[PDB]
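Enquirer: Got a structure for you, questions after.
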Amino acid sequence: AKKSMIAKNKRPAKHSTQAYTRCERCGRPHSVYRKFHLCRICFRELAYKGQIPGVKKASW
Amino acid sequence: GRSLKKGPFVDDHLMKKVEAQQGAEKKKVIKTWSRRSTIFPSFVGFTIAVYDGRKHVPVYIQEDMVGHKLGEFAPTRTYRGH
Amino acid sequence: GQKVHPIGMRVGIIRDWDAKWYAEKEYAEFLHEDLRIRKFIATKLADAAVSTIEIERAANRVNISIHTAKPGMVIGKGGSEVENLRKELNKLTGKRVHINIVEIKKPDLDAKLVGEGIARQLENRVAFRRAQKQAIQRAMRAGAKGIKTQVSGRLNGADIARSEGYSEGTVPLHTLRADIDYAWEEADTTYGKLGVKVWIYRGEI
Amino acid sequence: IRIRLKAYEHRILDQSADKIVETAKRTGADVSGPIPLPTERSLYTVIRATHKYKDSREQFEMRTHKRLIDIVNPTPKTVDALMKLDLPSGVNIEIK
Amino acid sequence: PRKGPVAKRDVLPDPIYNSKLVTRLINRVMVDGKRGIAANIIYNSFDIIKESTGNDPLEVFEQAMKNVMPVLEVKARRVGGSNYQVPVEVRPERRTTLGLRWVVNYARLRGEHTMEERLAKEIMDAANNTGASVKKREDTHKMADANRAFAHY
Amino acid sequence: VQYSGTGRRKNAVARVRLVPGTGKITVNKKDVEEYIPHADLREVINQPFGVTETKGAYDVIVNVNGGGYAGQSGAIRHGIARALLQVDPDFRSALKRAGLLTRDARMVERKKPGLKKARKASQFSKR
Amino acid sequence: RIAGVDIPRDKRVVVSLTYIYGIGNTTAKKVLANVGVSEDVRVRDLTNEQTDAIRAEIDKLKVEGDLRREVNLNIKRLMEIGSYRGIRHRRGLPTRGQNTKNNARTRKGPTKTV
RNA sequence: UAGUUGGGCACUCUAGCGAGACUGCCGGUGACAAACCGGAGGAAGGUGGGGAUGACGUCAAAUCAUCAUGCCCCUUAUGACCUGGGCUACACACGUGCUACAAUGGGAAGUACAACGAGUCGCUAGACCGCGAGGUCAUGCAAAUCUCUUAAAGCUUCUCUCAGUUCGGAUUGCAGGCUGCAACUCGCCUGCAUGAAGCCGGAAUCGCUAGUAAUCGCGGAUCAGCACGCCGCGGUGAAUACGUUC
Ligand SMILES: [K+]
Ligand SMILES: [K+]
Ligand SMILES: [K+]
Ligand SMILES: [K+]
Ligand SMILES: [K+]
Ligand SMILES: [K+]
Ligand SMILES: [K+]
Ligand SMILES: [K+]
Ligand SMILES: [K+]
Ligand SMILES: [K+]
Ligand SMILES: [K+]
Ligand SMILES: [K+]
Ligand SMILES: [Mg+2]
Ligand SMILES: [Mg+2]
Ligand SMILES: [Mg+2]
Ligand SMILES: [Mg+2]
Ligand SMILES: [Mg+2]
Ligand SMILES: [Mg+2]
Ligand SMILES: [Mg+2]
Ligand SMILES: [Mg+2]
Ligand SMILES: [Mg+2]
Ligand SMILES: [Mg+2]
Ligand SMILES: [Zn+2]
């Protein structure tokens, strides 16, 4: 049901609060960063690849 | 709770049905999915079959019942005990 | 135990962002644009030995440096092939796409290229041991200070999956100064997916 | 003239700042700076695993170094000179 | 720990009585790092001590420490299938520790409404050689004597 | 003539300035007692004079900011020691052996992930 | 005493008035402000005329049996209409939306270990 | 009136380049070493403190529900659209936390010191209304420039006086605020009303060796609305380490 959910999420929502954010890379609904529009999994995956500008391992 | 400025709330379709039935000698059951509707003094005198998640339960309206959401008068889930 | 991604570990120490551009309000749109561009380029030039894609952004322009071991193949005759790619990318993105090509000297020392080659062979039903060994020899001849490779899955279609790996030289993943290239590729077989990992250590930085 | 530069890497930021200062200084207008500003930092934490395993985490820091330049007595040539000096995509530049 | 004895952190003497012992007492009474309340209560208690007895509160407190500080403690030791206590001389650091610990514990148990009042009452009794703190010290010495047959361990 | 100095402790940083006087100490335009109402902290501040035998010799004007009162008290002490060294190098021996020169580097240990504090861990149940 | 409840005598007047059912700390302060009586003075020292004025204020208020009957009428009203709230009252369960898998002891009663 | 204005960057601060800590030097032990003990200097001495970093492997551990995927099953249905409902149930059992059981305290008043981070239709100054939640007008700020944001413990006065209380803040009635089409199922917050259990906790059990524990606030990610959770920050700040028998 992932594809149908993805398509419906893309479509405009009937009411404002209905609109919800998915990971545009995989469609995962939960833990979707607004800054990157990616889930945590996809974000961490791409960040390791180095294809998310600016991001890097945090340490202090 | 609900802001006073916004005024009372009720679904438009439900409101239209009650208004059309206002001049009715014998009120007929109003089948509604709308739990959100607030009850109104005009609503008094009617029986409303409110959806409970699996069927429309009829509930009779009266002056005491006014001022509350319809869905409250129709319990969703059933629990008998252990 | 698990290990940090070899590239992601050194990103910012000696490795740099492949998406080389800066933005604040269009970060999301530009990142999604980059992802779609990468996907389309990978699908289009799968045959070509395309390893690295670097994106730079200046106003509405987008510069794309594509590294390949077959620059002739990617360009085509008289710039024909790259021009067609540019037009398709313009349609996809909606903005000017400047394209640059780079010749990958020593493809044997590239993680993704070596891994993809092993994946092709596994799809072709070569002995995985032979594939990894000859890949290692090519890398060592190319001059890697070290190489390491691993293939995991239902080897030979076996019911119980396992992992077989080889290495030569030195591949100190923990040493941060060390320039250790890494890449992961999946070789899809009749029995499912087989995962190939390659670590290549060149002269440290 | 006031110029704000932002970059994820201080090295290219400094290189571009030197370029701006040299071109402005070459054009003759006086230059004030480069003035470092507090590098902005954002942090994001994600569960290292893909399922359960809440305790094990990983944290990612995005750093934005910013430099400020103030060019005094701007000559007419300086404005075009600074509009011609093109910095890499890795540095974001703001003028006034 | 396993490696060996560690270095001990020192404490600067008191601002108004200029002694490390008073500061140790302040830290002892301290709760949740609210050293301001701790030191205020200690000073109020010493004022009450001077009031109820024109003597030096510092001298009274030293007398209370000498009265409560144990000499022979009992350390539990397991011998085969039987475990029993063994008498042991108390190193001076633990002596002061036990004195301050007992005083504060028993002072907190007292029935007076305010802590400084309770502490003052307990300190005076200890200086007088009476009260729960001296009672605890007597019990420890009494237990040491009872199990004294195990001293050879 | 004013002898300057700087002290740091936790997140508190103090710019100290000695002017010869009666030992009156003003911090951020207010007296030590007004600002630091804790006698313990005030005595900590005054330690350098006691070790260097310069009691009451110099009044101090300190501009300090950041951190809490106790941290700022430590920072004030460090700045005063540095200012005394400026006044006289020969104070170095006494100041060092008292450790006033040494920079107290103990900072706030960061919170670890998964751990409710720098070292506190969730309550553990075996089963 | 005031409305038929012997408020504590030694305590301060504010707290003594609170001991009245239907009167909280805020209402106690308000009535003392109206009457002009200091909040610190104890009731045992309060003069009789002050007591009469305070009684007049309270009489204006609605408290004690009146308040209990009013609130119980509301609860009775819920139950008689048979609302969800009425059934919550009827079965002694949290009415304001609390979870019941755990806690809910206040409404439910003591634990029945079964 | 204001570091305001003029003026200067000296100091702090900011962020680049650097220097520094390397058992580097002295003494002692040592098998001529390794190394260990101490000293000097020095801000830091022996890894200075903390983070990242997780070897070959182990548990057919977890994940076919992030994703991908062999094979098997459904294909007018296990696929798809809409409304409503549930995941929030509730005799009980367990884990993890929040608040408490009070005077090292509660209440009233005064007064002082942080850091980390967030803000465009968002942070929002100031002012008007409102007891409050907030409403109105309206300002600056895409931000070391304005705002969120005068932090809480603290310290200094007044009150309470050992009371299941002026502790407690559960439960419940009424009346409001917001967000949203919508607050009943089923949000948060506020005022009035009420004041539950709870008097320091059986067997057993958890964390921690220092700016740690303990204790106090602050920011943020998700986010129309919603945290006692999580990430991070700063304030105050201990006791103890005898020792390796269990
Ligand atoms: K989401
Ligand atoms: K519930
Ligand atoms: K529970
Ligand atoms: K510097
Ligand atoms: K799947
Ligand atoms: K599958
Ligand atoms: K359990
Ligand atoms: K909790
Ligand atoms: K008080
Ligand atoms: K609701
Ligand atoms: K307990
Ligand atoms: K929120
Ligand atoms: Mg939502
Ligand atoms: Mg009352
Ligand atoms: Mg609820
Ligand atoms: Mg290591
Ligand atoms: Mg299994
Ligand atoms: Mg599937
Ligand atoms: Mg659930
Ligand atoms: Mg009690
Ligand atoms: Mg340890
Ligand atoms: Mg802290
Ligand atoms: Zn994703």
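Chain lettering (A, B, ...) mirrors the order of the structure tokens, residue numbering begins at 1 for each chain separately, and ligand numbering begins at 1 in order of display.
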Got a sec to tell me which of chain A DSSP assigns to strand (DSSP E or B), as an NGL selection string?
Expert: :A and (32-33 or 38-39 or 57)
Enquirer: Convert the current residue selection to file output with C-alpha atoms, as a PDB file, in the first residue's frame.
Expert:
ATOM      1  CA  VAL A  32      10.858  12.989   8.217  1.00  0.00           C
ATOM      2  CA  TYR A  33      13.215  15.937   8.662  1.00  0.00           C
ATOM      3  CA  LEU A  38      14.103  12.713   4.292  1.00  0.00           C
ATOM      4  CA  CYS A  39      13.493  10.072   6.912  1.00  0.00           C
ATOM      5  CA  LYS A  57      29.507  13.347  11.662  1.00  0.00           C
TER       6      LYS A  57
END
Enquirer: Give the residues close to ligand 6, within 12 Å, counting only C-alpha atoms (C1' of nucleotides) and all ligand atoms; write them as a PyMOL selection string.
Expert: (chain C and resi 191-193) or (chain H and resi 64+68-73)
Enquirer: Neighbouring residues of ligand 7 are defined here as those with any atom at most 12 Å from a ligand atom, counting only C-alpha atoms (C1' of nucleotides) and all ligand atoms; list them as a count of residues only.
Expert: 8
Enquirer: Would you pick out the contacts of residue 52 in chain C at 10 Å or less, using only C-alpha atoms (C1' of nucleotides), so that residues sharing its chain but fewer than 4 positions from it are not included, and give the list as a PyMOL selection string?
Expert: chain C and resi 18+38+65-68+102+104+110+112-113
Enquirer: What residues in chain B have any atom no more than 8 Å from chain G when counting only C-alpha atoms, and can you write them as a list in words?
Expert: residues 64, 65, 72, 73, 74 and 75 of chain B
Enquirer: Hey, list the chain F side of the contact with chain E: 8 Å cut-off, only C-alpha atoms, answer as a PyMOL selection string.
Expert: chain F and resi 38-40+43
Enquirer: To one decimal in Å, tell me the separation between CA of residue 59 in chain A and CA of residue 178 in chain C.
Expert: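 These atoms are spaced 19.2 Å apart.
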Enquirer: Once you count only C-alpha atoms (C1' of nucleotides) and all ligand atoms, which residues end up within 7 Å of ligand 1, and could you hand them over as a ChimeraX atom specification?
Expert: /A:20-22,29-32
Enquirer: Show me which bits of chain D are within 7 Å of chain C, counting only C-alpha atoms, as a list in words.
Expert: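 That gives the following set of residues: residues 7, 89, 90, 91 and 92 of chain D.
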Enquirer: What lies within 7 Å of range 41-46 of chain B using only C-alpha atoms (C1' of nucleotides), ignoring chain neighbours under 4 positions off, as a list in words?
Expert: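 Everything that qualifies: residues 18, 27, 60, 61, 62, 63 and 66 of chain B.
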Enquirer: Sort by chain and increasing residue number a table of all residues of chain H within 12 Å of ligand 21, each with its closest pair of atoms and their distance in Å to one decimal, counting only C-alpha atoms (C1' of nucleotides) and all ligand atoms, and write it as JSON lines.
Expert:
{"residue": "H:208", "atom": "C1'", "partner": "ligand 21", "partner_atom_place_in_ligand_line": "1 (Mg)", "distance": 9.0}
{"residue": "H:209", "atom": "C1'", "partner": "ligand 21", "partner_atom_place_in_ligand_line": "1 (Mg)", "distance": 6.4}
{"residue": "H:210", "atom": "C1'", "partner": "ligand 21", "partner_atom_place_in_ligand_line": "1 (Mg)", "distance": 11.3}
{"residue": "H:212", "atom": "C1'", "partner": "ligand 21", "partner_atom_place_in_ligand_line": "1 (Mg)", "distance": 10.1}
{"residue": "H:241", "atom": "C1'", "partner": "ligand 21", "partner_atom_place_in_ligand_line": "1 (Mg)", "distance": 11.5}
Enquirer: Nearest to ligand 5 among A:56, A:2, A:34, A:40, with distances taken over only C-alpha atoms and all ligand atoms: which residue is it?
Expert: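 Nearest to ligand 5: A:2.
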Enquirer: At a cut-off of 10 Å, list the chain D residues touching chain H, using only C-alpha atoms (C1' of nucleotides), as a list in words.
Expert: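 The contacting residues on chain D are residues 10, 11, 14, 34, 35, 36, 37, 38, 39, 40, 41, 42, 43, 44, 45, 46, 49, 50, 51, 52, 53, 54, 55, 57, 58, 59, 65, 66 and 67 of chain D.
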Enquirer: As a quick test: using only C-alpha atoms (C1' of nucleotides) and all ligand atoms, which residues lie no more than 9 Å away from ligand 2? Give them as a PDB file with C-alpha atoms (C1' of nucleotides), in the first residue's frame.
Expert:
ATOM      1  CA  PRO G  94     -11.919   8.647  34.700  1.00  0.00           C
ATOM      2  CA  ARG G  96     -11.756  13.610  31.482  1.00  0.00           C
ATOM      3  CA  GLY G  97      -9.892  11.325  29.061  1.00  0.00           C
ATOM      4  CA  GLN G  98      -7.270   9.576  31.183  1.00  0.00           C
ATOM      5  CA  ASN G  99      -5.901   6.171  30.264  1.00  0.00           C
ATOM      6  CA  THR G 100      -7.152   3.285  32.379  1.00  0.00           C
ATOM      7  CA  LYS G 101      -4.848   0.372  31.531  1.00  0.00           C
TER       8      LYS G 101
ATOM      9  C1'   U H  88      -6.434   6.324  24.217  1.00  0.00           C
ATOM     10  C1'   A H  89     -10.316  -0.220  26.233  1.00  0.00           C
ATOM     11  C1'   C H 186     -10.061  11.964  21.811  1.00  0.00           C
TER      12        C H 186
END
Enquirer: Hey, could you make a per-residue contact list for chain H against ligand 17 with 10 Å as the cut-off, showing the nearest pair of atoms and its distance in Å to one decimal, counting only C-alpha atoms (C1' of nucleotides) and all ligand atoms, sorted by chain and number, as CSV?
Expert:
residue,atom,partner,partner_atom_place_in_ligand_line,distance
H:59,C1',ligand 17,1 (Mg),9.5
H:60,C1',ligand 17,1 (Mg),5.6
H:61,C1',ligand 17,1 (Mg),6.5
H:62,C1',ligand 17,1 (Mg),8.2
Enquirer: Ligand 22: which residues are within 9 Å, counting only C-alpha atoms (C1' of nucleotides) and all ligand atoms? Reply as a PDB file with C-alpha atoms (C1' of nucleotides), in the first residue's frame.
Expert:
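File selection22.pdb, as written:
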ATOM      1  CA  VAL F 108      30.379  20.806  32.364  1.00  0.00           C
ATOM      2  CA  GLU F 109      30.677  17.334  30.862  1.00  0.00           C
ATOM      3  CA  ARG F 110      28.348  16.993  27.887  1.00  0.00           C
ATOM      4  CA  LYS F 111      25.304  14.750  27.975  1.00  0.00           C
ATOM      5  CA  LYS F 117      23.004  12.754  31.976  1.00  0.00           C
ATOM      6  CA  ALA F 118      26.751  12.858  31.415  1.00  0.00           C
TER       7      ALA F 118
ATOM      8  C1'   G H 211      32.440  19.597  37.777  1.00  0.00           C
ATOM      9  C1'   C H 216      18.077  23.554  39.291  1.00  0.00           C
ATOM     10  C1'   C H 233      22.962  23.285  27.105  1.00  0.00           C
ATOM     11  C1'   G H 234      24.190  25.887  31.505  1.00  0.00           C
ATOM     12  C1'   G H 235      23.684  27.010  37.300  1.00  0.00           C
TER      13        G H 235
END
Enquirer: Within 10 Å of chain H, which residues of chain F are there when counting only C-alpha atoms (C1' of nucleotides)? Please give them as a PyMOL selection string.
Expert: chain F and resi 4-6+10-16+34-38+63-72+96+101-114+116+118-127
